[PDB]
Amino acid sequence: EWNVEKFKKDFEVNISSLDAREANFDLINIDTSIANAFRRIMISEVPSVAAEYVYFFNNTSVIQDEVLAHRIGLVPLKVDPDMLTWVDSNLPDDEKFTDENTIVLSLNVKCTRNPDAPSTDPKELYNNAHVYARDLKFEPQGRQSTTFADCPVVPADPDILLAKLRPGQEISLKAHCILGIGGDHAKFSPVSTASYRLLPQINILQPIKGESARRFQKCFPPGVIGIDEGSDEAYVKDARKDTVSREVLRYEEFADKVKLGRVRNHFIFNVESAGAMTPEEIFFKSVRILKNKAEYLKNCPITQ
Amino acid sequence: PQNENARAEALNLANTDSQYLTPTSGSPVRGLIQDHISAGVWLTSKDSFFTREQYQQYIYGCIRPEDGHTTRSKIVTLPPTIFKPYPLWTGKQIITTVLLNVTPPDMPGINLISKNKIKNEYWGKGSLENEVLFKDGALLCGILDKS
Amino acid sequence: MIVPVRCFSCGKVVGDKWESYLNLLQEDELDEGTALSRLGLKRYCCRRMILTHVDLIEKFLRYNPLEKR
Amino acid sequence: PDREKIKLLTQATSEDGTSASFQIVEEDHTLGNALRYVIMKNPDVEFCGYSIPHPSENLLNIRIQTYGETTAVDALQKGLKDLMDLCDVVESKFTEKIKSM
Amino acid sequence: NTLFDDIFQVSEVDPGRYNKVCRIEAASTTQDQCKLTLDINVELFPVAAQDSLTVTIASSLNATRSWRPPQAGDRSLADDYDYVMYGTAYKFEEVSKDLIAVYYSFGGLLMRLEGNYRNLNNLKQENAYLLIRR
Ligand SMILES: [Zn+2]
């Protein structure tokens with residue numbers, strides 16, 4: 001018999017490492033269907049912000065307009081969503097873009113020549129030769145230009161190379177950054193890699209003590225198999241550190257003396273962020289999306 | 001075609017149905033080709049077992065009453081081949097259930113004693129898994145090949 | 001042409017690690033493998049991204065119809 | 001209230017009234033497998049499964065066959081009501097362990 | 001009610017390239033001419049060589065519409081034995097004078113019992129339960 005309160009009794013969480021970008025946490029005594037659901041939402045549902053409409057005024061660079069526009073879209077912006085409302089597609093462009101729906105980023109770079117002794121460095125030989133993500137100047141407009149006062153729009157990674165130029169060439173554009181989801185375009189992904197790995201199980205059938213224990217220990221990563229003494233059997237110190245290479249099974253002396261399985265209930269999640277939200281926030285929102293999905297169907301009329 | 005006489009012809013004479021047997025030798029020219037043949041050898045194998053949840057899923061996965069696949073207006077299901085300890089269905093039982101829901105209820109089940117491409121020696125000692133046996137529309141012996 | 005923004009396979013930003021990689025090979029005199037490790041590229045997909053990058057843009061730029069000679 | 005989301009396929013619904021197929025738009029395995037799992041925990045549900053007619057068309061079909069004293073509509077309503085409570089349990093335990101850290 | 005009951009001695013347990021099934025070769029401890037060949041799911045009910053198995057054939061368990069999963073307070077004939085299988089009789093073979101051998105199928109898992117007196121009780125029925133103890 002399974003109850004939602006009986007699940008609360010057995011369900012456990014274990015945080016191994018929680019960095020500013022990546023969090024490694026475990027979900028103990030939960031079903032595959034729930035663990036897989038969170039991973040799917042933490043890569044599809046999770047949305048973000050980024051350029052969408054690049055308006056070019058001039059581009060004398062070697063990099064084609066389409067390519068340069070696509071590169072700006074790919075550059076992640078250190079912009080927290082919820083600050084922006086969702087844009088409506090049916091009404092025209094004059095009503096479509098507002099101070100609540102759109103963020104404007106301008107790029108105005110002109111390359112010139114500089115006198116220096118000559119292989120010679122491009123930063124020495126020319127001025128404004130390399131166009132970086134940091135060169136996308138934030139332009140606040142309309143009703144709210146005070147809401148982004150203590151929050152300036154800056155790309156998450158500024159040193160990203162956008163274009164390379166030679167004297168005479170120029171880039172003049174107005175990029176319209178909007179709110180979108182990762183399912184539409186990868187340029188909206190919030191997390192890098194959200195994946196889980198099942199806890200490896202090493203079922204030792206025989207004691208296999210002695211020099212064979214030292215041979216068995218070399219088949220698994222260093223911090224997995226621990227030996228007490230020459231006797232006292234051969235135990236598993238940390239089965240979590242195992243890579244699951246099945247190296248132990250390709251030896252006649254161990255092929256029948258050991259079994260390699262898993263703990264179906266135990267999940268080892270690894271979540272790295274793109275930079276917009278913290279890895280915890282991304283997981284929390286994933287659980288909140290699954291709950292909201294079930295809630296939306298609960299308060300809904302079952303037609304026909 | 002732009003008229004009903006030409007429609008009727010393309011639906012009853014030149015269609016694609018009434019063409020299971022070529023008139024050259026009266027042999028079949030219709031059947032599954034690669035993944036399905038390899039899938040069948042595995043699904044109808046003795047080692048293939050399925051839980052109530054798994055079994056019913058495989059049934060509705062291929063038979064949808066709403067698309068008019070059924071002949072009984074309710075998906076009929078066979079009892080498990082293993083009752084105790086855990087209720088389990090065999091792979092061959094899925095093949096029996098698919099026929100039980102697609103063949104007419106008014107007519108009796110199919111009776112056929114055929115053979116397989118895979119010799120009994122491959123399935124171990126004393127197996128009869130080469131002899132394809134259908135008794136009252138029930139796969140009781142043998143796997144299903146390209147044959 | 002230039003270093004791609006993000007790894008084709010997973011999506012880890014690689015565009016900021018091209019010039020830094022050449023500095024680890026020139027000044028630091030390290031091997032290809034250790035240089036990529038210091039940049040924070042452990043997945044072989046992210047590893048090949050920079051390691052296998054040609055950078056034809058430097059060859060392409062030498063043809064400039066806007067400056068004499 | 002939007003009527004396109006949930007629809008009762010009368011061409012498969014029992015005259016009265018345990019077995020019946022439901023068709024949900026803009027849904028797949030995500031809700032599908034989770035919902036049939038919860039519906040199957042019901043002691044009155046005889047048969048339950050989910051089926052996606054085709055990947056290109058945004059449809060999700062869920063069949064609920066029960067024993068007596070409960071309609072398929074009630075079994076679906078219980079399934080949705082239990083999944084909501086299940087998610088509350090997950091959300092409550094996660095908040096507690098964040099503080100416990 | 002019951003149709004057959006006897007205690008058998010296992011002489012062979014062969015997997016035969018199967019990870020979960022085994023072909024059991026047995027002989028009756030009471031009757032001399034009685035022999036058994038049965039496929040069992042060794043994963044659930046393991047059988048070892050030189051073992052005493054109480055194999056029993058029953059018609060039902062003491063009119064049913066369909067099988068239902070167990071629910072609190074349900075009593076069955078299966079509660080007395082460890083491993084229970086449901087199958088059908090498909091072939092009736094006669095071996096020389098007085099000896100008769102029956103063929104059963106528990107969904108691919110085949111059984112071949114050889115005897116003489118069971119000709120009356122053992123009949124080709126689309127419903128025959130096989131129950132094993134110890
Ligand atoms: Zn990568």
# chains A, B, ... in the order shown; residues from 1 in each chain; ligands from 1
call {"tool": "residues_near_ligand", "arguments": {"ligand": "ligand 1", "cutoff": "10 Å", "atoms": "only C-alpha atoms and all ligand atoms", "output": "ChimeraX atom specification"}}
result
/A:192-193 /C:6-14,41-49
call {"tool": "write_last_selection", "arguments": {"atoms": "C-alpha atoms", "output": "short mmCIF file (atom, residue, chain, number, x, y, z; two decimals), in the first residue's frame"}}
result
data_model
loop_
_atom_site.label_atom_id
_atom_site.label_comp_id
_atom_site.auth_asym_id
_atom_site.auth_seq_id
_atom_site.Cartn_x
_atom_site.Cartn_y
_atom_site.Cartn_z
CA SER A 192 23.71 23.37 -19.27
CA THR A 193 23.30 19.70 -18.32
CA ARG C 6 28.78 27.06 -26.94
CA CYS C 7 29.68 23.34 -27.46
CA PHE C 8 27.53 21.77 -30.28
CA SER C 9 26.77 18.68 -28.11
CA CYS C 10 25.93 20.03 -24.60
CA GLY C 11 26.01 23.86 -24.86
CA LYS C 12 28.96 24.83 -22.66
CA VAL C 13 30.33 28.29 -23.69
CA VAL C 14 33.61 27.70 -25.57
CA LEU C 41 36.71 21.31 -20.37
CA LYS C 42 36.37 17.73 -18.96
CA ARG C 43 33.68 16.26 -21.32
CA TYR C 44 35.30 14.97 -24.55
CA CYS C 45 32.60 16.91 -26.53
CA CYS C 46 33.76 20.23 -25.00
CA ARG C 47 37.39 19.02 -25.25
CA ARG C 48 37.30 18.51 -29.07
CA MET C 49 35.43 21.86 -29.59
#
call {"tool": "select_by_dssp", "arguments": {"residues": "chain E", "states": "strand (DSSP E or B)", "output": "number ranges by chain"}}
result
E: 2-14, 21-28, 35-41, 52-58, 83-94, 100-106, 109-115, 128-133
call {"tool": "closest_atom_pairs", "arguments": {"of": "chain B", "to": "chain D", "cutoff": "8 Å", "atoms": "only C-alpha atoms", "output": "Markdown table"}}
result
| residue | atom | partner | partner_atom | distance |
| --- | --- | --- | --- | --- |
| B:53 | CA | D:49 | CA | 7.8 |
| B:56 | CA | D:49 | CA | 7.1 |
| B:57 | CA | D:49 | CA | 5.8 |
| B:60 | CA | D:51 | CA | 7.0 |
| B:61 | CA | D:51 | CA | 6.0 |
| B:65 | CA | D:12 | CA | 6.7 |
| B:66 | CA | D:12 | CA | 5.7 |
| B:73 | CA | D:12 | CA | 7.1 |
call {"tool": "residues_around", "arguments": {"residues": "residue E:58", "least_positions_apart": "3", "cutoff": "7 Å", "atoms": "only C-alpha atoms", "output": "compact mmCIF listing (two decimals) with N, CA and C atoms, in the first residue's frame"}}
result
# COMPACT_ATOMS: atom_id res chain seq x y z
N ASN E 1 -11.82 -29.07 -6.96
CA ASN E 1 -11.18 -30.21 -6.31
C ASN E 1 -9.89 -30.66 -7.06
N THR E 2 -9.09 -31.52 -6.40
CA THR E 2 -7.81 -32.06 -6.87
C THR E 2 -8.01 -33.17 -7.92
N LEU E 3 -7.06 -33.30 -8.87
CA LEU E 3 -7.06 -34.31 -9.94
C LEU E 3 -5.82 -35.22 -9.83
N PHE E 4 -4.71 -34.70 -9.29
CA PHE E 4 -3.45 -35.43 -9.11
C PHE E 4 -2.64 -34.85 -7.94
N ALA E 128 -6.36 -25.92 -15.69
CA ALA E 128 -5.68 -26.86 -14.79
C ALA E 128 -4.56 -26.15 -14.04
N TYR E 129 -4.70 -26.09 -12.71
CA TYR E 129 -3.76 -25.43 -11.82
C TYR E 129 -2.70 -26.42 -11.35
N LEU E 130 -1.43 -26.01 -11.38
CA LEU E 130 -0.30 -26.81 -10.92
C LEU E 130 0.30 -26.14 -9.71
call {"tool": "interface_residues", "arguments": {"of": "chain D", "to": "chain E", "cutoff": "12 Å", "atoms": "only C-alpha atoms", "output": "compact mmCIF listing (two decimals) with N, CA and C atoms, in the first residue's frame"}}
result
# COMPACT_ATOMS: atom_id res chain seq x y z
N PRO D 43 -8.00 1.17 -6.00
CA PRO D 43 -8.42 -0.25 -5.93
C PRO D 43 -9.61 -0.58 -6.84
N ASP D 44 -10.35 0.45 -7.28
CA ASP D 44 -11.50 0.27 -8.15
C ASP D 44 -11.10 0.25 -9.62
N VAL D 45 -9.90 0.74 -9.97
CA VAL D 45 -9.48 0.73 -11.37
C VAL D 45 -9.02 -0.68 -11.73
N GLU D 46 -9.72 -1.28 -12.71
CA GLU D 46 -9.49 -2.60 -13.28
C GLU D 46 -8.34 -2.54 -14.28
N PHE D 47 -8.47 -1.67 -15.29
CA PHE D 47 -7.48 -1.50 -16.33
C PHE D 47 -7.19 -0.03 -16.56
N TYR D 67 -13.99 -1.30 -11.93
CA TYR D 67 -14.95 -2.30 -11.48
C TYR D 67 -16.19 -1.44 -11.16
call {"tool": "interface_residues", "arguments": {"of": "chain E", "to": "chain B", "cutoff": "6 Å", "atoms": "only C-alpha atoms", "output": "MDAnalysis selection string"}}
result
chainID E and resid 16:17 83:86 106:108
